[PDB]
Every structure is written in structure tokens, then in C-alpha cells.
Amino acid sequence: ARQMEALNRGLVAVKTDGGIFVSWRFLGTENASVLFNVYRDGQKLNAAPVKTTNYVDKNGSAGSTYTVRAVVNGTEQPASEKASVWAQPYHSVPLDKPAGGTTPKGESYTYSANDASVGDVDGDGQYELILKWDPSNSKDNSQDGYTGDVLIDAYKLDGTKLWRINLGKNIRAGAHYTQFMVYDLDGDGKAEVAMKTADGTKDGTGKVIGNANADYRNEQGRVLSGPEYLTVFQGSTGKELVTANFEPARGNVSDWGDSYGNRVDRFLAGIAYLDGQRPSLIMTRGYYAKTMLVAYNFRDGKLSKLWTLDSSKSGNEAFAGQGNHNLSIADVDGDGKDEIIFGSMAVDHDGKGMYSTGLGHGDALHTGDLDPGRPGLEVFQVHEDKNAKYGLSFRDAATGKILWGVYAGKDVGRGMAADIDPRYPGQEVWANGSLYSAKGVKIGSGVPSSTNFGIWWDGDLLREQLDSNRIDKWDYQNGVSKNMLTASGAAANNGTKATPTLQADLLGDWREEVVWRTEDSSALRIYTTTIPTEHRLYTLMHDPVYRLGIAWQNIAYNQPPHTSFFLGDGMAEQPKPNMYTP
């Protein structure tokens, strides 16, 4: 059994024209025989216990409050936490927008709300939002220039700002720099926050790490010298718990494949259950050429290093040049322990390189049960090298064997995987203007109008699409996308990537919520679906691959999360998660 979060009922109630829509979690600790009673202000609404974890109360009002009681072995359990009614289709979390600044070159910049993650920092079973702020002069690794400070905040859903960490002048702003992990690493029931830090990083209590005044910014506005640190911060306070020297260490900038400072600063990170029971922290560096991955534990108040994979070591040459601007984490070989899907290569739970497809770097990656007729997980990936044998590859996750691929002869920058067509079993995949079945059979002539995120939003087991401030649904019979939601007043992030601040099943039933910032970053808006469903599934945060996907969603070029099992049309009934909570 794996350590997973002790979650509350996640009860939510939302005003609609047809009454109050109520939804809640089916928890990983609950059996299939569990049913529910719904109460409005202490009065039961349903004559018989309901199975599905959504309910429409036609008689409810904006002033109503709700509780749910589980019915276990014929006996009603204590009431859930109380839920009030959302007067809007989204819940707003007001933000403390940081003031703008000026760089040493006299350039002004302002802040916008950017990537988020979630963790329960106080252990009450409700997630907090951990938000990264982005200065308007943040930089790709290919670009020279100074950047504003990167700020990381924690908010409760009620709008309480718990803390701000300022990573300081020695941490450059941009997609590929700070990769922040939020997770209960030590198993006490409370999340911590881990990331790369430097001299001058200021914790949530205002304490500066290392050499407070050291300035290692070069004239390119890059930080290519000086110490580098790894810090675990307390989730509730942002206080520094432990700081160690960061590995993978920089060495020489040129070790990584250029001298101007691009390849050296290509970071990814993850949470992986390397021991099959408890989480470990993964920090990576490099992917275009030299590539390193290091694993750590944070347990019993100590940070410990577990292993290193270094492509520059004799025997590891095949593990250079393969990584994406993203990764996945999953138990692919069935031993209960997590492996790392690092673009075109994979790394075992003990840090040993498993395989490389040799197809090289790409920009999108999907690891899940894509072909439910083929035992094991599958990885769908796209490839940037115009001379790659395949521009899109669909492989056995464990062995790396290519099941099918298609030559593109060009950079294929986007690819998606989602069950959008029930006429073909399993998840469809699309890239480079074509849609395919899980078996590689081209379907029709179109593709969905986005190739970004997949989201479970409506009531059916097919997956919808998310891009920018929109949720769309694929009309598979007619081969066209149609809009389901346009979140007016909400904005996506990261320029052409057009990503939400976060997509995750963070409250209510199994459908995924979306967190988008407002245009002016004065608030985050959490949208939860009010489309009824006949289906009950365990909260996705209790799935061992989905939960890990939420932890890495922020990293570099944000990718959508996947479940460890096939969730889609014609799916088998999912088994209870094998888990315990702290």
C-alpha cells in the first residue's frame, strides 16, 4: 500500500438555474458498497441512500448549507464538513498581487499569476494552492536579459495568504528554471514545498538563505556561477526546514552542450514512489545533451540523496539527448515502485537507465493506459528533430518498444492523448494534424481544435479538451470540436502554451476542476462542473499516477494528468486504491 493523502469529503455546492448542484469525493479508503445521504441544513433530501457522488437539490437556495453522511455496512457515519453554496459557477481566491519592479538595466516589470500546485499544508484534508508568480520579463533559456524575482505563495481556498517565498536575484525567472514540488514527503500528513534555491532566497518567515547579499547574475542576466541549493520548506509557514547543495551540480556550463547558458539550466522535477510505499523527490538537469537525474528522500527531518543517473558516465551515453520539457512518473514494470518516463528514455526506481528510443527531445508527453487491450502502460510522445524516424511515437512504457510511429519530417510541437471517440477502444492520440486510434489507425481527416490538455468535465467517460480559457468537446461522428465552456474574465498562462494555473480534481466528484487567474491576477477562479453524471469514480487524487501528475503539472511545459488505469468508454470497474494515509 502507498502513502496517500487523508482527504475530507471535498463537498461542494453550486447554484444553478435548475437548483443547487452538489458533488463530493468517493474516497480511496471506501468500499464499493458505500452509499451516501445528502442533507440540506440538517434535513435529509434523498429517501434512499444514493450511490453516485453528485446530487441536484431543486429546493435549495443561496443561503443553504450542505453535509453528506456515508452509509457503511448499513450504518450512517458522522456528517462531512459543512459546505455553503457558491453564488457563482467558480470560487474566487483573492490574491496579494506583488508590486512591480525594475531590473539593474532600468527595465520595468509587473507580475502575473502563473503555474500552481496543490498540497494540504495543515492536514485538514482540504488542498491549499501553491502559486508561482511570473515577472513580465521572464526568459526562455535561449534569451539574454535580466529577470524580476520569482515569488511563490501559499493560499487557503478562503483567500488566506499563508506566506510568500522570494527566490531572489540568483534564481532566474522562466519556464525552465524553478520547478516546484508540493508533497507530504515525510508522511506526517502535511505537505512541504521543495525547489532549487540560491544565496539570497528568502523564506516565508523573511529569513534569507546562504550568503544574503551575493550576486551571481552575469551581464546576460543569467546565473551561471556560485553555489546552488535544494531547500525543503514547511508547507504551513514557508519556513526553511533543510537546505543542501543542489544536485545535479552545475560543473562547467559547457559540460551541458553550450557556453552561453541554455542547456545547463534545463530543469525538471517530480515526486516518485521509488520504494513502492513512500514518496521521493526527483531533481533533473539537462536534456538536449548531458542529462542528470538525482533522487532524494525527506524523512525523519533529514534530506538524503538516494541515487544519481549521469549520462556523462561511461555506459550511460544513450541517456543523453532524450528528455522533453516534461516528464511522467508511473509504475510501468509492475513491481509497485515508480519509474521515470523522461521523454524518449526511462529511468528505473533505482536510478538505472532502462531504455532509450533514440528519438530525442520533444515538447509533449502522455503516459497512461492508452491501449487498454495491451497489458501495461503506454507512452505517446512527439519529437522536435525534423530528421527523427518518427515525429510521433507510441510505445510500451516499460520496454520502450515502439508499437507504432509516424514520420513527420518536421518539428511536431504538440501531441495529445484522450478517449474522445468511443468507436475505437482506448485513448485516441493526435499530433501533426492527424487523429489516430491507440493502434495507430488514422481516424477521419480532422483533429480536435486544440492539442494541449485533456480534461474530464462533462458527465460521460470520454475526455474533453482544454486550451486557453476554453473547455471543448469533440464531436466524433462529425469530426469537429465544439465549445462547452468559455471562462469569460479568466485567462490562461505561458503565452502560446495557454495553460491553466492548474487542472486537477481538487474538490467534488471525479471530474476535474480548473483554476484560471483573472486577467489582472487579482484572483484565481476555481471552476467545478455542474454537469450531472451517472458515474462514480474514486477521487483522482487517490490514483497513484494522477496524483503524481498534479505534482509535476507545473514543470517546464505543463502537461495534462493521466490515471494509472484506463478511464474511458467501455472501461472495466476500477479496483479500490491500495493506499494508507498518515
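So that there is no doubt, residue numbering starts at 1 and follows the sequence shown.
K.L.:
Comparing average C-alpha B factors as deposited, tell me which of 63-71 and 539-547 sits higher.
P.N.:
Mean CA B-factor is higher for 63-71.
K.L.:
Should the higher mean CA B-factor in the entry be assigned to 157-165 or to 501-509?
P.N.:
Mean C-alpha B-factor is greater for 157-165.
K.L.:
Select one of 489, 360, 286, 135: the residue whose C-alpha shows the highest B-factor in the crystal structure entry.
P.N.:
Largest recorded C-alpha B-factor: 489.
K.L.:
Reading the B-factor column of the entry, which of 325, 389, 366, 263 has the highest value at its C-alpha atom?
P.N.:
Among 325, 389, 366, 263, the PDB entry lists the largest C-alpha B-factor for 389.
K.L.:
Against its chain's modelled residues, does residue 48's Cα B factor rank lowest, middle or highest third?
P.N.:
Tercile = highest for this residue's CA B-factor.
K.L.:
Within this chain, which third does the Cα B-factor at residue 554 fall in: lowest, middle or highest?
P.N.:
Residue 554: CA B-factor falls in the lowest third of its chain.
K.L.:
Among all modelled residues of this chain, ranked by Cα B factor, put residue 568 in the bottom, middle or top third, i.e. lowest, middle or highest.
P.N.:
For residue 568, whose C-alpha B-factor we compare with every modelled residue in the chain, the answer is the middle third.
K.L.:
What third of the chain does residue 116 rank in for C-alpha temperature factor, lowest, middle or highest?
P.N.:
As the PDB entry reports it, the C-alpha B-factor of residue 116 lands in the lowest third of its chain.
K.L.:
Comparing residue 371 with the other modelled residues of its chain, is its CA B-factor in the lowest, middle or highest third?
P.N.:
According to the entry, residue 371 has a C-alpha B-factor in the chain's middle third.
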